[PDB]
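Novice: Please find one structure pasted underneath; my questions will follow.
Ideal geometry is used to build each Cβ from the backbone, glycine not excepted, and the neighbour counts take in all protein chains shown. Just so it is clear, none of the values below were taken in a lab; they were calculated from the coordinates.
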Amino acid sequence: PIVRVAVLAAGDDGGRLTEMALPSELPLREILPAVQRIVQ
Amino acid sequence: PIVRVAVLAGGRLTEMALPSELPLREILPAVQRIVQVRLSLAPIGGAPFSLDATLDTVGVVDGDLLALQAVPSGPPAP
Amino acid sequence: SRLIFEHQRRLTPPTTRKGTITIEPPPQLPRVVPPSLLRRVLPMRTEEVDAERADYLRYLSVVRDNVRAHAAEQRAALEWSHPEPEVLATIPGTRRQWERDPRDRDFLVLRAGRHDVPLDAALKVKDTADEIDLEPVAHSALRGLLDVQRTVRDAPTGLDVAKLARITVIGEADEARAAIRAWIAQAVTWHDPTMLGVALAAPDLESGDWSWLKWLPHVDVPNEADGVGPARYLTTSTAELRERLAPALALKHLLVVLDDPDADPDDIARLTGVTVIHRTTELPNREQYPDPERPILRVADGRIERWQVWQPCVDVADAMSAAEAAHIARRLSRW
């Protein structure tokens, strides 16, 4: 039951926007490593 | 030789240990009988791995998040 | 299986100029002569003494600013070295994980919350009077200063374990295991898994409870695989944990925790630093003024109230959750 969302992060010079699909019904406490690894 | 990874089902992530250099055609029933059309393993929001790839070459190490979802129609979605 | 870490140098947050700030005593109530209308009806009197008052108050303002700068340094350091029990999820990656060494002032110190740290700097005045009377409006200001600018406001406390040898908490079940998991993770995260060791004994270990020590290589053994777990001292029997540590018992520091209130508390010790932790059911009432070592701790809603004769000793406690510690262990098992 995955969902397809877009994420934004602007800390270095402007920001970066890129979509993804992350599994639902789970605590974000574990996805944050992945999404941090991606856009950074 | 063995890696203990956080494996996802539909949550209730499990704590399982897996070999390092084995095809996945055999872990798929192993995981379907441990925690639980074909599924595959991947990092969360990462392209599914080749079902005959090896867990040590694609870079999976202790502490990772390996999911169970169906197989795509070919493109990796860069 | 696991990656490799290299002993990159620890970074230095600006430490304290732990000196002796000194303050000049106020003036000495200069005697004022009567106004005398005769020589006061023409159109050393109050004007001069007021000038002197104003001068001293200015000097006081300067000193207050300086001591506030010192307090800023102190709180900066203490926040740097004991971050809040959420940032520690991000620490196992970067080069600051094993940044604690046995030569450093913060060693084997375990954060537990925030309360008033007494500003280690000196603040000594050189009073040399035999009860001479000092000016009222200056002495009032200095006295009102030396009491509120002497204790830092809420700052990251320290539950050091280098000189305790026994910890015994008291109170509700999971409120305890919270602070326990909290500082136990805060401990293992900063110090080399080759330098300190931890031990566990609990009945329902693998239920989202103390299970989370699975991926822990601080609980490891030298030269043993145990199949999947590093050492998996994580057990349920007490003397069994002793025997699993009987060779390891002998300096790699040891941290033995026990989720069981019963099952022969105080059965390994009473050594030379090896610390025991044991959650208790109920308290002593007339303890012989408990030693600062092996003390008594009660867990309130947000207090960790020490046992002394109630001296809350923490006003906002640092509490962790189970799943958080789980994700901590998971992340840290990588390097």
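Novice: Checking residue C:281 against (1) within 22 Å of residue C:196 (Cα to Cα); (2) out of contact with any helix residue (DSSP H, G or I) (no Cβ under 8 Å at 6 or more places or on another chain): exactly one of these is not met. Which one?
Specialist: (1)
Novice: Just to be sure I understand the filter: pairs with C-beta atoms under 9 Å, separated by 6 or more residues or on different chains, first member in the stretch C:21-40 and of a type in the set (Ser, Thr, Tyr), second member part of a loop (DSSP other than H, G, I, E, B). Which pairs pass?
Specialist: From the stretch C:21-40, the pairs are C:22/C:122; C:22/C:123; C:22/C:126.
Novice: Please work out which residue is farthest from residue C:335 (Cα to Cα), limiting yourself to the stretch B:19-78 and to residues that are basic (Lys, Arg) and part of a loop (DSSP other than H, G, I, E, B).
Specialist: B:38
Novice: If you don't mind, there's one more thing I want to ask. Considering only residues of the stretch B:43-78 that are on the phi > 0 side of the Ramachandran plot and facing another protein chain (nearest Cβ under 10 Å), which is surrounded by the fewest Cβ atoms within 10 Å (Cβ to Cβ)?
Specialist: B:77
Novice: Name the one entry in C:305, C:324 that is within 14 Å of another protein chain (Cβ to nearest Cβ) and charged (D, E, K, R).
Specialist: Selected residue: C:324, the only one of C:305, C:324 that is within 14 Å of another protein chain (Cβ to nearest Cβ) and charged (D, E, K, R).
Novice: Could you say which residue among C:48, C:73, C:79 is part of a helix (DSSP H, G or I), more than 42 Å from the chain's Cα centre (by Cα) and surrounded by 10 or more Cβ atoms within 10 Å (Cβ to Cβ)?
Specialist: C:48
Novice: Here is a follow-up. Does the stretch C:121-138 contain at least one residue that is in a loop (DSSP other than H, G, I, E, B), among the polar types (S, T, N, Q) and either under 21 Å from the mean Cα position of the chain (by Cα) or surrounded by fewer than 14 Cβ atoms within 10 Å (Cβ to Cβ) (or both)?
Specialist: yes
Novice: While we're here: Of everything in the stretch C:9-31, what is part of a loop (DSSP other than H, G, I, E, B) and more than 26 Å from the chain's Cα centre (by Cα)? Give them in sequence order.
Specialist: Of everything in the stretch C:9-31, those that are part of a loop (DSSP other than H, G, I, E, B) and more than 26 Å from the chain's Cα centre (by Cα) turn out to be C:24, C:25, C:26, C:27, C:28, C:29, C:30, C:31.
Novice: Which of the residues spanning the stretch C:224-245 are farther than 19 Å from residue B:2 by Cβ and not hydroxyl-bearing (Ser, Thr, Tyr)?
Specialist: Of everything in the stretch C:224-245, those that are farther than 19 Å from residue B:2 by Cβ and not hydroxyl-bearing (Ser, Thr, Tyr) turn out to be C:239, C:240, C:241, C:242, C:243, C:244, C:245.
Novice: Could you go through the stretch C:243-253 and let me know if any residue there is in contact with a strand residue (DSSP E or B) (Cβ under 6 Å, 6 or more places away or on another chain), surrounded by 14 or more Cβ atoms within 10 Å (Cβ to Cβ) and under 15 Å from residue C:166 (Cα atoms).
Specialist: yes
Novice: Name the strands (runs of 3 or more DSSP E) wholly inside the stretch C:230-335 in which the number of residues that are among the polar types (S, T, N, Q) is 2 or more.
Specialist: Qualifying strands (runs of 3 or more DSSP E): C:275-280.
Novice: Let me ask another. Quick one: would you say residue A:31 is within 15 Å of residue B:64 (Cα to Cα) and touching a strand residue (DSSP E or B) at 6+ places or on another chain (Cβ under 7 Å)?
Specialist: Judged against the criteria, residue A:31 is a match.
Novice: Let me ask another. Please find, within the stretch A:1-32, the residue that is surrounded by the fewest Cβ atoms within 10 Å (Cβ to Cβ) out of those that are part of a helix (DSSP H, G or I) and more than 8 Å from chain B (Cβ to nearest Cβ).
Specialist: Out of the qualifying residues, it is A:28.
Novice: Look through the stretch B:1-24, keep the residues that are of a type in the set (D, E, K, R) and farther than 15 Å from residue A:27 by Cβ, and return whichever of them is farthest from the other protein chains (Cβ to nearest Cβ).
Specialist: That would be B:21.
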